[PDB]
Each structure stands twice: as C-alpha cells, then as structure tokens.
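Contents: one structure, followed by commentary.
We place every Cβ from the backbone using ideal geometry, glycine too, and count neighbours over all the protein chains shown. Read-outs: derived from the displayed coordinates by stated rules, not from any lab.
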Amino acid sequence: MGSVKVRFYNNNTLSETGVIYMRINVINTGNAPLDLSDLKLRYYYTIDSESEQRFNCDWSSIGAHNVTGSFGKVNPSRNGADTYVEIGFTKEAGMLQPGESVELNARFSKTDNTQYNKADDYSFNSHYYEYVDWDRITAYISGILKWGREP
Ligand SMILES: [Ca+2]
C-alpha cells in the first residue's frame with residue numbers, strides 16, 4: 001500500500017523504570033499518499049513482570065488523541081520479545097503525502113507500578129538523543145509489512 005521509514009529517538013534511561021518512552025517519526029518514502037489510519041507500528045520487548053499495561057500519547061504532529069495504542073503477545077516468545085505495543089492512528093489523523101512525516105511522543109507503563117528492564121528489549125536501541133533509522137520497530141500499511149524486521 002506504499003513505502004515508509006521509521007526513525008526512533010531514544011530518550012530512555014538504562015536504569016529500571018516504570019515507563020518506556022517512544023519518540024517516533026515515520027516518513028512517507030514512497031510515491032503514493034498514505035492514510036495514517038492504515039499505518040501500524042510495533043515496538044517489541046519483554047514485559048519483565050506480568051501486569052496490565054497502559055499506553056499514552058503525550059504529543060503528536062497530528063494530535064495526541066489521534067494516536068492509538070494496544071498490546072499483543074509474541075508467541076512463541078522470541079529473544080527480547082514476549083510482548084509488543086502497537087501504535088496506530090484514528091480515521092481523522094489524515095494523510096501523509098510523499099515526503100511528509102508523522103511524529104509522536106508516547107509511552108507505556110504497568111498499572112501495578114512495577115518496573116521494566118529496558119536494556120534486554122528487542123526494539124530498544126543504544127543511540128540516545130538522536131533520531132536514527134531503526135529497523136527493530138516494524139511498520140505495516142493495511143496489514144502489509146513495509147519497514148523493519150519482525151523478531
Ligand atoms: Ca524488558
């Protein structure tokens with residue numbers, strides 16, 4: 001359904017924390033317009049202790065309330081990946097023309113307030129404070145894998 005690239009800006013600490021932050025910029029690198037409602041991203045990790053989780057988007061270029069989050073299990077589990085968060089967009093989020101990008105700042109946490117070990121997560125990188133192309137967050141358009149490497 002088109003072409004995209006995912007850039008990730010890691011502002012997390014290595015220390016165990018109750019929150020994992022995700023700052024993501026997705027650029028339309030193809031020749032076709034993209035409706036953001038068709039775009040899903042997945043960030044894969046080990047949950048570390050079992051708890052209900054909550055997703056929040058604090059800011060997006062298309063409006064924080066137009067960003068959705070949900071969770072899934074990786075089964076059978078893989079190295080660094082027993083869980084993922086899937087970030088999506090509402091019907092009202094709009095289009096990206098070729099060359100345009102969407103940016104969002106989001107996070108997730110465990111509602112029992114237990115901590116994550118981030119360092120072992122499949123999608124966690126080691127490049128801090130700089131947006132880089134990051135192939136361990138996958139992107140799908142209309143269900144079709146367009147960017148990245150599934151665990
Ligand atoms: Ca973990």
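Count neighbours as other Cβ atoms within 10 Å of each site's Cβ, and list the chymotrypsin sites (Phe, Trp or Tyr not before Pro) in segment 93-151 that are DSSP loop with at most 13 such neighbours. Could you put the intermediate results ahead of the total?
On the way: sites: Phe108, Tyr116, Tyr122, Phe124, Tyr128, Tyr129, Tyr131, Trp134, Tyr140, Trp147; in loops: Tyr122, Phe124, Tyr129, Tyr131, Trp134.
Those satisfying the criteria are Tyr129.
Return the sequence-ordered ³J(HN,Hα) values of segment 92-100 in whole Hz as given by the Karplus equation 6.51 cos²θ - 1.76 cosθ + 1.60 applied to θ = phi - 60°, using x for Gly and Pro.
8, 5, x, 9, 10, 6, x, x, 8
Shape of segment 98-151 from its Cα gyration tensor (a ≥ b ≥ c, root eigenvalues): rounded if a/c is under 1.5, otherwise prolate when a/b > b/c, or oblate? Mind dumping the intermediate values first?
Details: a/c = 1.72, a/b = 1.60, b/c = 1.07.
Prolate.
Within segment 91-151, report the GluC sites (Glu not before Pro) that DSSP leaves as loop and that have at most 12 other Cβ atoms within 10 Å. Before the final figure, lay out each step's value.
Numbers: sites: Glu92, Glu100, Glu103, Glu130; in loops: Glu100, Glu130.
Sites meeting the loop and neighbour criteria: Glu130.
Considering only Cα-Cα distances, which of the following residue pairs are longer than 18 Å: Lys5/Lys118; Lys73/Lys110; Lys40/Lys91; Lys40/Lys73; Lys5/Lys40? Could you put the intermediate results ahead of the total?
Numbers: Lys5/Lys118 23 Å; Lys73/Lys110 15 Å; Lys40/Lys91 13 Å; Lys40/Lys73 16 Å; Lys5/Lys40 12 Å.
Beyond 18 Å between Cα atoms: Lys5/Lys118.
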